[PDB]
K.L.:
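Quick one: this structure, given as C-alpha cells, is what I'll be asking you about.
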Amino acid sequence: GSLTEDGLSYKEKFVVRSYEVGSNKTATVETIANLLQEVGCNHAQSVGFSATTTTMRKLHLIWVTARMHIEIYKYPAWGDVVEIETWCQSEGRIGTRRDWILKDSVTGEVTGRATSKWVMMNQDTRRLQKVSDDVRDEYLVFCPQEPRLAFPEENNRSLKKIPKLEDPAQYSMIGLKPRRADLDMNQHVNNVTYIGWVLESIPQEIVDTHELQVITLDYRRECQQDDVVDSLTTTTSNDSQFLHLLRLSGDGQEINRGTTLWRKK
Amino acid sequence: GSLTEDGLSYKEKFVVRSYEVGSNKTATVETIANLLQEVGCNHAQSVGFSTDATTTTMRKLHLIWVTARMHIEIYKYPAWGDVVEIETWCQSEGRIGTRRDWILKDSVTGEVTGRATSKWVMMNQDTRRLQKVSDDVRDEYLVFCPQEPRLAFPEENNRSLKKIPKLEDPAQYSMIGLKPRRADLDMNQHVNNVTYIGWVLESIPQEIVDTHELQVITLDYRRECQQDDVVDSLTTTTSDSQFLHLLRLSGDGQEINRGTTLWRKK
Ligand SMILES: O=C(CCCc1ccccc1)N1CCOCC1
Ligand SMILES: O=C(CCCc1ccccc1)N1CCOCC1
C-alpha cells in the first residue's frame with residue numbers, strides 16, 4: 001500500500017483469502033471490518049506514527065472508536081482483489097473521523113463505504129475528553145482541509161441516533177466470551193469481535209436468505225478479557241431492519257448498541 | 001503466489017497484518033496456521049481443483065479430504081509488517097492418505113523460521129466414514145507430487161510422528177463453555193481447523209503465555225465440533241514446558257481433539 005500523490009489519503013490492495021469468506025464464497029463483514037482496520041493502521045504508520053502524537057504521548061491520551069458504520073453493495077469474492085482508500089478528518093473539538101471507500105480492483109466501481117468516529121481518552125483513567133487545540137494542529141497537516149465525506153447525503157444512516165433495545169428481546173445469543181484470537185497487540189478486545197457478537201443473535205435463516213447491506217454500531221464500554229457478553233436482537237421493520245444490544249451477562253451493563261439492514265438475495 | 005519451476009511445490013509471500021499479531025507484536029500460531037491453510041488452498045487451485053478440493057473420482061464417490069493431524073514447529077514468529085514466504089507441497093502416503101508439508105522463511109534473510117506437517121485422510125462427506133486411498137484415486141493426484149521423498153520433518157523418531165496419550169481427569173487447568181461463532185466457520189459451514197488450535201491454547205494459563213513462546217504444537221483430530229456444540233478445553237503440565245491437551249464436548253465428554261505443546265522461556 002501507499003499514500004496518494006497529495007499525501008492526504010492512503011490506498012491498499014487486498015486479495016480475498018479462503019478462510020475470510022462465508023457460505024456464499026464472498027468476504028464476511030468481519031473480514032471487511034478487519035481490512036478497514038489494517039489500512040487505517042498502515043495510513044498512520046506512513047504518516048509518522050510509531051498511534052500517538054507528541055502531545056498525546058505526553059498526556060497519556062489514546063484514540064478510541066465511538067461509532068462504526070459500514071455500507072456494502074457487493075462483497076468481494078474469494079480470490080478477488082479489493083482496493084481500499086482511507087483518509088482522516090478533524091471534527092474540531094469533538095474528535096476525528098476516518099472514512100473508507102471500497103472498490104473492485106478490476107472494474108473500478110465502488111463496492112462499499114465506511115465511516116468511523118474516534119474520540120480522545122486517557123489510557124489510564126479511561127476518561128473521555130475533547131480534542132485539545134495543541135493535539136489538533138499536530139494531525140491537521142495529514143488531513144484534507146476541504147470536507148471529503150464518504151457519506152455526504154442530507155439525511156444519511158451514519159449520523160442517526162440509535163435507541164436502546166427493550167426487554168424482552170426477540171432473539172438472543174448468551175454466554176459469548178472472547179478468546180486470545182479476539183485480542184489485539186495491547187491485550188484489548190479487537191473492535192471487530194463486537195461486530196461478530198452483534199450478528200450472533202441474528203437467526204441463521206435470515207443470514208441464509210439475506211445479504212447484510214448496512215451496519216451502524218455504537219461503542220459504549222470495552223469488554224474485559226474475563227467478561228461474558230449477551231447479544232440481543234429485535235426485528236424493527238423486501239428489507240429487514242434490526243435493533244441490537246450487547247450487555248455483560250451478569251449486571252446487564254451496556255457494552256454496545258446498533259442496527260443492521262438486510263436485503264433479500 | 002505461484003508454483004515453482006518443476007510444478008511440484010507452491011510458494012507465496014505474506015505481509016503480517018496489525019490484527020494478526022499478539023502481545024509481543026509477532027504473528028500468533030493461529031495466524032501462521034491460517035497462512036498455511038491459504039497457501040494449501042492456492043496450491044490446489046493452481047493444479048486444477050475447482051473452488052466448488054476433490055479429484056474426478058472423489059466427486060462420483062462423495063469423498064473429501066479431512067485433517068487427521070497437524071504439527072507445527074516455529075523458531076521465529078514474523079513481526080508485524082514483515083514478509084514471510086511459505087513453500088508447500090504434497091505427498092502420497094500409499095493407501096494411508098496424503099501428507100502436506102510447509103517451510104516458512106524470512107523473505108529478507110532467507111532463513112527458515114518455521115515448518116509444519118499435516119496428515120489428510122479420505123472420508124465420505126455424507127456418512128463421515130473413514131476410507132483408505134483407492135488406487136484409482138491416487139494416480140489422479142500423484143502427478144502433482146514429487147516422486148522422491150521430500151520431508152519437512154525428516155529425522156527418524158521426531159515429534160511429528162509421536163503417539164499422543166489421553167488426558168486423565170482431573171486436569172490441571174481448564175477453559176469450559178467454548179462455543180464457535182460464524183467467524184469460526186468456513187465456506188462450507190464447518191468449524192475451521194484453526195479454531196481447535198485456539199481452543200486448545202485457551203486452557204494454558206496467561207502467565208505461561210506471557211513468559212514463554214510456543215515452539216512446537218501437535219494436534220490430532222478425532223471428531224468435528226458442530227455449529228451448535230459446546231467444547232471444554234483441558235491442560236496438564238507433563239514436564240522447557242511441555243503440556244498435554246484434550247478438547248471434549250461439554251455434555252457427554254465426547255473427545256473431539258488431543259495434542260501437545262512445547263514452550264521455551266523468553
Ligand atoms: O485513525 C486513527 C486515528 C487518527 C490517526 C491519523 C492517521 C493519519 C492521519 C491523521 C490521523 N488511528 C489509526 C489506527 O487506529 C488508531 C488510530
Ligand atoms: O492438500 C490438500 C489435499 C490434496 C490436494 C492437492 C493439491 C496439490 C497437489 C496435490 C494434492 N488439501 C488442502 C486444500 O484443501 C483441501 C485439502
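Each chain gets a letter, A, B and so on, in the order its sequence line appears, and its residues count up from 1. Both counts, for ligands and for their atoms, begin at 1 and track the order of listing.
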K.L.:
Kindly identify the option in B:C90, B:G48, B:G97, B:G40 whose heavy atom sits closest to atom 13 (C) of ligand 2.
P.N.:
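It is B:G40 whose heavy atom sits nearest to atom 13 (C) of ligand 2.
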K.L.:
At a 4.0 Å threshold, what atoms of ligand 2 neighbour a non-hydrogen atom of B:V47?
P.N.:
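Taking each heavy atom of B:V47 in turn, ligand 2 has 8 (C) under 4.0 Å.
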K.L.:
Counting each atom of ligand 2 from 1 as listed, which ones have a heavy atom of B:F144 under 4.0 Å away?
P.N.:
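Counting from 1, the qualifying ligand atoms are 9 (C), 10 (C).
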K.L.:
State, to 0.1 Å, how close A:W78 and A:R17 come at their nearest heavy-atom pair, and which atoms those are.
P.N.:
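Closest approach of A:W78 to A:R17, heavy atoms only: CD1-C, 3.8 Å.
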K.L.:
Of the choices B:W120, B:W89, B:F49, which has the non-hydrogen atom that lies closest to atom 17 (C) of ligand 2?
P.N.:
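Checking each option, the heavy atom nearest atom 17 (C) of ligand 2 is found in B:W120.
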K.L.:
Side chains of B:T218 and B:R159: is there a donor and an acceptor less than 3.5 Å apart?
P.N.:
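Their side chains do not contain a donor-acceptor pair, so the 3.5 Å distance test is not met.
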K.L.:
Which option out of A:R98, A:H43, A:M56 puts a heavy atom nearest to atom 6 (C) of ligand 1?
P.N.:
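Minimum heavy-atom distance to atom 6 (C) of ligand 1 goes to A:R98.
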K.L.:
Suppose we measure from atom 16 (C) of ligand 2 to each protein heavy atom; which comes out shortest, and what is that distance?
P.N.:
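Checking every protein heavy atom, the shortest distance to atom 16 (C) of ligand 2 gives B:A53 CB, 3.6 Å.
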K.L.:
Do NZ/NE/NH1/NH2 and the carboxylate oxygens of B:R222 and B:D220 come within less than 4.0 Å?
P.N.:
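Here B:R222 does not pair with B:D220 in a salt bridge, since their nearest N and O are not under 4.0 Å apart.
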K.L.:
Regarding A:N190 and A:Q37, do their side chains bring together a donor and an acceptor under 3.5 Å, going by distance alone?
P.N.:
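Their side chains do contain a donor-acceptor pair, which is all the 3.5 Å distance test asks for.
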K.L.:
With a 4.0 Å cut-off, would you call B:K105 and B:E85 a salt bridge?
P.N.:
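Looking at B:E85 together with B:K105, the answer is no, because their closest N to O distance does not fall below 4.0 Å.
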